[PDB]
Q: 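My questions will all concern the structure given below.
Naming: A, B, ... by sequence-line order, numbering from 1 per chain.
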Amino acid sequence: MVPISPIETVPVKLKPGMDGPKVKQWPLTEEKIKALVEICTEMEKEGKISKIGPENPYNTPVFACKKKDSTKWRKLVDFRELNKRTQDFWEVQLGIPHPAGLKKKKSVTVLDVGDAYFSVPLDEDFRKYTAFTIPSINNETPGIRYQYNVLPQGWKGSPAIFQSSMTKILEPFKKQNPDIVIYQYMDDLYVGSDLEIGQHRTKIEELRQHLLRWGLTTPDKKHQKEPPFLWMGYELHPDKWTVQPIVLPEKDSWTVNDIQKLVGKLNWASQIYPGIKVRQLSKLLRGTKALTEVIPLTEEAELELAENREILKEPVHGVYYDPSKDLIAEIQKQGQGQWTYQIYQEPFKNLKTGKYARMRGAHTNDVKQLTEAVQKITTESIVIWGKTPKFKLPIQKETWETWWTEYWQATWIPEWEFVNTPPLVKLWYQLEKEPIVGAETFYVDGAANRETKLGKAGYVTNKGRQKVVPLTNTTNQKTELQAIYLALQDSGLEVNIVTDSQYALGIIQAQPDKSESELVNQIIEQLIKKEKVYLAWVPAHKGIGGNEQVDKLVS
Amino acid sequence: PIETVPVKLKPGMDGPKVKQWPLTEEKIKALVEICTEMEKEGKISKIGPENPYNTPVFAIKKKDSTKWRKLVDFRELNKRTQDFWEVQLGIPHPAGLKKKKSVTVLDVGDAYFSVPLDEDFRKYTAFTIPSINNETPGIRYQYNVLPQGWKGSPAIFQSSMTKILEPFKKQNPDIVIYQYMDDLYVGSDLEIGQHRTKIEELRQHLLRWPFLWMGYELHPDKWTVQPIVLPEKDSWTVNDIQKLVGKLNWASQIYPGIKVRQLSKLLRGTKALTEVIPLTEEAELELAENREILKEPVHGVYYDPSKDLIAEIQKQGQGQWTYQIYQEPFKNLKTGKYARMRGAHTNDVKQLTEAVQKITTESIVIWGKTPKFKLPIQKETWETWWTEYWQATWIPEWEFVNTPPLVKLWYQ
DNA sequence: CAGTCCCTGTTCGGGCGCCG
DNA sequence: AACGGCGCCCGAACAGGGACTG
Ligand SMILES: Cc1cn([C@H]2C=C[C@@H](COP(=O)(O)OP(=O)(O)OP(=O)(O)O)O2)c(=O)[nH]c1=O
Ligand SMILES: [Mg+2]
Ligand SMILES: [Mg+2]
């Protein structure tokens, strides 16, 4: 006969055709034994745990770990087999709150519900599926087995149920206090208002008593009344916020797992520290698949790590969001496919920073990557503030206009203005729209043998110029690119080029300025040196003009 | 007082599990206000995380409308109940709708909110309202009545809709009325004054039973087609002829009678691209014969009601957009071109969005289906912006392609 | 006409950061 | 040694189209 808590239960079922968990316990240390028998006894008197007998043919192992910055221990149930047989839940946690999206509040209070999962009841018909034994001695007493009447820590349904139960309890209080903001993340509650400090504590106590009606305790050890407040890993001051101090490891020998933790902290640090790079550090995490393998730091990876530590030396901070002012986002090119941005409302008062360094595609240009960075910032800004910022971009209006009007794919950038801060993003070469009068016409072609991987590449021109080059360990696609490279090498500043390669033409028409292919990078260098280039395509094997002639040479 | 028509998913398919995407502030505030009124009216009810299903939701504004309209992306749920709204209680498609001089589209989806939904099926209509900066967890609801945008709603309501439209159809035997999703397509050959008068009579006929005041007008008798046309120059260069042979060789996949023998003979040798080539007698003859074949209709091109419609769109530049609708490759059921739409010369995404809506509307009128689109755009670019410009109560299927224009086939 | 190849793209699961 | 959430950078598995060979 256990009392029923005021919190409405959540009906939890299991996947049909499957039963409950039946897993044997794990032999643990005697230190863990003297830290769980006291928990199952206190939760038994408080009604959070009931004792079962032989009528419960289930079992599940459990372990214990120390709480972060606390003398109290934390108990976790290894429900990995129960989760495989428990129904799926839809997670109501859609993201992580960010301090740059908080608005200025005169009074702020950060609460923390004590015994979060241990205060929300479990479904009645589901408590029988949570069976576990507790041996008082490691090899003497068999130990009486108990069960769970609340949410266990370790079950895949516990977070979703608590987050939904917490919302239902706060809904009447939020309806009675509309001007009070309550950021609700798991058990921690950020409460802010523009009320006076005296009147703010009044509503806080009202909220503490409102939650108490459903058995939710808000102790004083985790009650924060004085700034700075520790919230979501940040330091919340009345007029600014900053990330908690980030410590980078400094080992004399660097392995693989050390770099994975290093790049991770730098990614986390890049939300407020401007100009962080992880290109050369993550470049070391390629190919090698041994987390315990020492990797030497390259000269580029060392200079990158040095410049990041100097950025972390000076203290930085973000500000809060003011809806009465516009959102501004400004991007700079860091080089080598790296971009960094700042989002602010007043000059030099950054809400947050960030970086975009993803290299998508074998061949691309700076304009494509700038467009991708804009799209990333836009989506991030809608999550945090629910609106798109005005952009300040290091690209001329004329440059952007030339790109998007001539590109064959739909592309667009939201309202933006040009900011003249080098290095400016530009198009490094423009293909002509019409054939050039007076320029030599090169008919290029390449062929390769599928078996021997041998091939030829060459050209014929209207003036009688001709070349055929034998190639080893190549492909048809490579020989077609080589043929174009030959025509660019052997021509003047203005040249017309006729190819049948859809593959090659598709790469070059997109005006790439960088490539994972050395051959394409050499083709780009030639295209930049030219004054006029006209690429034309004809179908292969159709007896069309000089294409028929050069086809004979290379095949 | 109405028994719920039982609804079942297709055999071997579970409900939809699609994550909600981030919404702007004005859209979240619109949905919060809308859903609060729907809950007070019992149309939707709050749910918990034990419902593993979810469907994205956002809001739109129709053309020339300042009122927010809740829009659910039931695309996943719709194709998981396909045996219902196509086999059991399907809606016949009138072939005469596309022949009417004027067709008005009426949002009648509000009527679906009066019919209850099958209790065993309500869990599949779950949606989640997000919050700015994740201040609060998602606010989950499920539908208690027939939801707008679900293909099962017009099918279940069809028996009710038939009885409502029965006096009007008897009063006007010439008017063609078609129902697709939340919309009612009313077409007549009456004059513009007579048509809108008859449309208002239909509105009052529905009132005696929040977007019924709107009427988007169409003119399918004025809908044009964009055939493959060949350039006509006074002089021809080597480059002009190379492009022509390239266009004709690709067009041969559609018209098998196209020849390029005489035109290719003009390029014998290794000539400069800008050299003028006079067209021979046989070349003029072959080119003239090719211009006639491109006027003749393609052989064996007809609509198969069992196959899906496919739509390809090409960005031609300067606000020009071409498109083709087909079921089998090179068997195009319709080819067209749009020009000077909203966002022209400034916004590709708005233009592409407008083109998708126009093409879908034409497909609903002509065949009663929406096509699956092949969009010339990056997935991330489209998914960032398309909801900002969407003005329709339905959503078609789409995929993303990248085809460089090796030869300008549909627009010189 | 199929079956490959070459090449480029997306999807996904795990590594790490971080929150509870 | 547990659960859920978001982000990044990584590689393996897979898909899809031009193009060549039987
Ligand atoms: C940190 C953490 C948390 N949780 C779950 C359990 C309770 C809530 C909050 O945890 P908590 O605030 O640190 O401890 P809690 O149970 O609230 O008890 P108190 O220390 O607040 O009194 O999230 C978890 O399952 N695993 C974890 O590692
Ligand atoms: Mg707590
Ligand atoms: Mg070739």
Q: Among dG11(D), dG5(D), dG18(D), find the nucleotide with the atom closest to the side chain of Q502(A).
A: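 Given the options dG11(D), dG5(D), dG18(D), the side chain of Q502(A) is closest to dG18(D).
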Q: Using the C1' atom as the point on both nucleotides, what is the distance between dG11(D) and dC5(C), in whole Å?
A: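 That atom pair is separated by 22 Å.
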Q: In whole angstrom, what separates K265(A)'s NZ from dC9(D)'s P?
A: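 Spelled out: NZ on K265(A) to P on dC9(D) is 17 Å.
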Q: Please state how far atom NZ in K283(A) lies from atom P in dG15(C), giving the value in whole angstrom units.
A: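 Taking NZ of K283(A) and P of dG15(C), I get 25 Å after rounding.
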Q: Figure out the CZ/P separation between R74(A) and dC3(D), and round it to whole Å.
A: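 Going from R74(A) (CZ) to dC3(D) (P), I get 14 Å.
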Q: The side chain of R450(A) lies closest to which of these nucleotides: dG4(D), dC6(D), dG3(C)?
A: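 Closest nucleotide to the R450(A) side chain: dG3(C).
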Q: Quick check for you: among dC20(D), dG7(D), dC9(D), whose closest atom lies nearest to any side-chain atom of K376(A)?
A: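 Shortest atom-to-atom distance from the side chain points to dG7(D).
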Q: Measuring to OP1 and OP2 of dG5(D), would you say a side-chain N or O of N134(B) lies under 4.0 angstrom away?
A: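 So the side-chain polar atoms of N134(B) never come under 4.0 Å of the phosphate oxygens OP1 or OP2 of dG5(D).
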Q: Taking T364(A) for the side chain and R360(A) for the main chain, is one N or O donor matched with an acceptor at less than 3.5 Å?
A: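 Side chain of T364(A) to backbone of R360(A): no pair is present.
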Q: When the P atoms of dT8(C) and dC9(D) are considered, how many whole Å apart are they?
A: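 Comparing P positions in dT8(C) and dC9(D) gives a spacing of 22 Å.
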Q: Could you check whether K17(B) pairs with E76(B) (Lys NZ or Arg NE/NH1/NH2 to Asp/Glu carboxylate O, under 4.0 Å)?
A: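 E76(B) and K17(B): not salt-bridged.
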Q: Expressed in whole Å, how much space separates the P atoms belonging to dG15(C) and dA1(D)?
A: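 The same atom, P, in both gives a distance of 11 Å.
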Q: By nearest atom, which of the nucleotides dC8(D), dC3(D), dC6(C) is closest to the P159(A) side chain?
A: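 Looking only at heavy atoms from C-beta outward on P159(A), the closest nucleotide is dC3(D).
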